[PDB]
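Letter by letter, the chains look like this.
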Amino acid sequence: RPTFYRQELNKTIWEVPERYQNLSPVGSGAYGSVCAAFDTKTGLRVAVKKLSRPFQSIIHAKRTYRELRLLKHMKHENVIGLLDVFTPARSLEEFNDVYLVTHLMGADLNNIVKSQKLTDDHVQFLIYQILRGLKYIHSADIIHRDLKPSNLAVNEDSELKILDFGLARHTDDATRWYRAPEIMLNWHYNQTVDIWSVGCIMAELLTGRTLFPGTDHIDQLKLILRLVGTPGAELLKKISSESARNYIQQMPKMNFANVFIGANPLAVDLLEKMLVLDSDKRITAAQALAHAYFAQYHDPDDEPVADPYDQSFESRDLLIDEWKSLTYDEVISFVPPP
Ligand SMILES: Cc1cc(-c2nc3cccnn3c2-c2ccnc(NC(=O)c3cc[n+]([O-])c(C)c3)c2)ccc1F
């Protein structure tokens, strides 16, 4: 077992193995607290997260287990994963704090873009990576559901990782804009809700402007439907509720070639396939990777899928100490990546 040391940062007490040196605050919130550190074992700059009240309640405990299970399963270049998980506890009976370690990330997609058009080649590379990560996430039967530029970390090499959180804003420094209409309308949904978000992101990277900057929930839907049209006959046949059919209903789809003026025609074609109203007809991540737009990056032998992901715990109602013990097992069984 490593030697630990204690340090106070922004009024939060940190107890970490000596390998993590030079702790500096990154941020804190409902998520707990995050510090940056230097990992002396690897020479990497890392972020360390101390979870907030991980076993305070059944729900917190289950949330902690969920978070750790997911992070341990996600092993892909374009998805956030774990370098380390630790606890100062020497036994289950002492186990009260959980610390997670990953690569320190310093910028998100908004930070790289800065309200500017990116070049088409840069868009290809970034969207390729998002789709590559999504193919992996979706293959684990996970839907991200909240994909947006703030959840996309991008380093100086434009290497991209999909996050389920936003990076901390410097102390001296809408979500709905990327949400699929079926979620906005409360309609059954599939993994292509995330593909909608990617289409929104891609549009913005190409044009330098938010595709659907709705002022509120109703406005958001109005902006979406102006582009993608009111539901056609085939989609209306799939809406089970009378009131729902009575509600959504009046203009036809716009021709995206007349919207995304000067864009690569293959980009326009891909956007048409991602921004389809009917989610049954929306392109999947795997299909999108094979689209001609990505011909310079696509490698069908290097777009891996995840191992099957057992999420049966989601259906279980257990006690705190049970979730705590399951979590502790997961801490102990952790094997760092190479
Ligand atoms: C799985 C896992 C997740 C997180 C983690 N959780 C959160 C929650 C909210 C915000 N951030 N966050 C992070 C995290 C992870 C990496 N890097 C940053 N880095 C910055 O936020 C930043 C922002 C500006 N600057 O200038 C720098 C240098 C860093 C945060 C930490 C460890 C971990 F193992």
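Quick notes on the rules
- Position numbers follow the written sequence of each chain, starting from 1, instead of the entry's numbering, which may differ; residues with no coordinates are not represented.
- Values reported for side chains reflect all heavy atoms of the structure, with hydrogen atoms and water molecules removed beforehand.
- Residues with missing side-chain atoms are left out of burial classes, side-chain pairs and their counts.
- Elements are defined by DSSP. Helices are runs of H or I of four residues or more, strands are runs of E of two residues or more, and each kind is numbered from the N terminus.
- We define a salt bridge as a side-chain nitrogen of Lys or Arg found within 4 Å of a carboxyl oxygen belonging to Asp or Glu.
- For every residue, the accessible area obtained with a 1.4 Å probe (protein chains only) is divided by the maximum for its type, and the residue is called buried under 20%, exposed over 50%, and partly exposed between those limits.
- Whether a residue is near a molecule or strand depends on its heavy atoms: if one lies within 4 Å, it is near.
- Side-chain atoms alone can form a polar contact between residues adjacent in sequence; in general such a contact is a pair of N or O atoms within 3.5 Å, and within protein one must be able to donate a hydrogen while the other accepts it.
- The protein chains shown are the only cover counted for residues, whose accessible areas, like all others here, come from Shrake-Rupley with a 1.4 Å probe.
- Basically, the charged four are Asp, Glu, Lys and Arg, the nonpolar ten are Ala, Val, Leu, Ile, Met, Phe, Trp, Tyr, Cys and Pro, and anything else, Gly included, counts as polar.
- Throughout the structure description, domain borders are defined by an automatic or database domain assignment.
- Residue contacts are counted whenever heavy atoms from the two residues lie within 4.5 Å of one another.
- Each aromatic pair joins two rings of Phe, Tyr and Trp (for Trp, the six-membered one) with centres within 6.5 Å, and gets the label stacked for planes under 30 degrees apart, edge-to-face for over 60, and tilted for any other angle.
- The rule for a charge over a ring is simple: NZ of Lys or CZ of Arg within 6 Å of the ring centre, and within 35 degrees of the ring normal.
- UniProt positions are given in the numbering used here, feature names are shortened, and annotations may be inferred rather than shown by experiment.
- Here the quantity called buried area is the total loss of accessible area, with a 1.4 Å probe, experienced by two parts when brought into contact, counted for both.

1. Details of the overall build of the protein chain
Working step 1: Each helix and strand in the protein chain was counted, giving 11 helices and nine strands.
Working step 2: Principal-axis analysis of the C-alpha atoms gives the protein chain an extent of 65 × 45 × 45 Å.

2. Digging into the pattern of salt bridges
Working step 1: Enumeration over the complete set of coordinates arrives at 17 salt bridges.
Working step 2: Across the salt bridge formed by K72 and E330, the nearest N and O atoms sit 2.8 Å from each other.
Working step 3: Overall, the relative accessible area of 18% leaves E330 in the buried class.
Working step 4: Three or more residues joined by partner-sharing salt bridges are found here, namely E234, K238, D278, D280 and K281.

3. Re the site of the ligand
Working step 1: Every one of the 19 residues lining the ligand counts as a neighbour, but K49, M105, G166, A168 and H170 are closest to it.
Working step 2: Between the ligand and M105 there is a distance of 2.7 Å, counted from a nitrogen atom to a backbone nitrogen or oxygen.
Working step 3: Measuring from an oxygen atom of the ligand, one finds a side-chain N or O atom of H170 at 2.5 Å.
Working step 4: For the ligand, the protein covers 90% of the area, taking 670 Å² as the surface of the free molecule.
Working step 5: Elements supplying a minimum of two residues to the shell around the ligand: strand 5 (44–50) and strand 7 (99–103).
Working step 6: Per-element tally for the shell around the ligand: the top contributor is strand 7, with four residues.
Working step 7: Of the residues belonging to the shell around the ligand, the class tally is 13 nonpolar, five polar and one charged.
Working step 8: Taken together, domain 1 (14–106) and domain 2 (107–305) each give at least three residues to the shell around the ligand, which thus spans both.

4. Overview of the side chain of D39
Working step 1: Residue placement: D39 occurs in strand 4 (residues 32–39).
Working step 2: In terms of polar contacts, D39 uses its side chain to reach the side chain of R19, at 2.8 Å.
Working step 3: Each residue touching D39, except ones within four places of it in the same chain, is listed here: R19, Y20, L44 and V46.

5. So, the environment of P213
Working step 1: If you trace the backbone, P213 turns up in the loop between helix 5 (193–207) and helix 6 (217–228).
Working step 2: C-alpha separation for the pair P213 and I224, spaced 11 residues apart in sequence, amounts to 9.4 Å.
Working step 3: In contact with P213, other than residues within four places in its own chain, are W177, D219, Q220 and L223.

6. Observations regarding the packing of aromatic side chains
Working step 1: Taken as a whole and judged by the stated rule, the model has 15 aromatic pairs.
Working step 2: Between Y128 and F294, the ring centres sit 6.0 Å apart and the planes meet at 55°, which makes this aromatic pair tilted. Exposure class is identical for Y128 and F294. Each is buried.
Working step 3: An angle of 65° between the planes, with centres 5.8 Å apart, marks the rings of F256 and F260 as edge-to-face.
Working step 4: On the accessibility criterion, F256 (1% relative accessible area) is buried.
Working step 5: Above the plane of the ring of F165 lies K49, whose end atom (NZ or CZ) is 5.1 Å from the centre.

7. Describing the environment of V113
Working step 1: With respect to the helices and strands, the residue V113 is situated in helix 2 (residues 109–113).
Working step 2: Distance from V113 to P149, taken between C-alpha atoms, is 9.4 Å for residues 36 residues apart in sequence.
Working step 3: Discounting chain neighbours no more than four positions away, the residues touching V113 are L118 and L205.

8. Things to note about the UniProt feature "active site" in the protein chain
Working step 1: Residues annotated by UniProt as "active site" correspond here to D164.
Working step 2: Considering the arrangement of structural elements, one finds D164 in the loop between strand 9 (160–162) and helix 4 (181–184).
Working step 3: The exposure class of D164 is exposed, given its relative accessible area of 53%.
Working step 4: Not counting the four nearest positions on each side in its chain, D164 is found in contact with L70 and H144.

9. Structural notes on the domain arrangement of the protein chain
Working step 1: Each domain of the protein chain was delimited in the assignment, giving domain 1 (14–106) and domain 2 (107–305).
Working step 2: The interface is formed by 14 residues belonging to domain 1 together with 19 residues belonging to domain 2.
Working step 3: A per-residue breakdown of the area domain 1 buries against domain 2 is headed by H76, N78 and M105, which together make up 40% of the total.
Working step 4: At the junction of domain 1 with domain 2, the criterion picks out one salt bridge.

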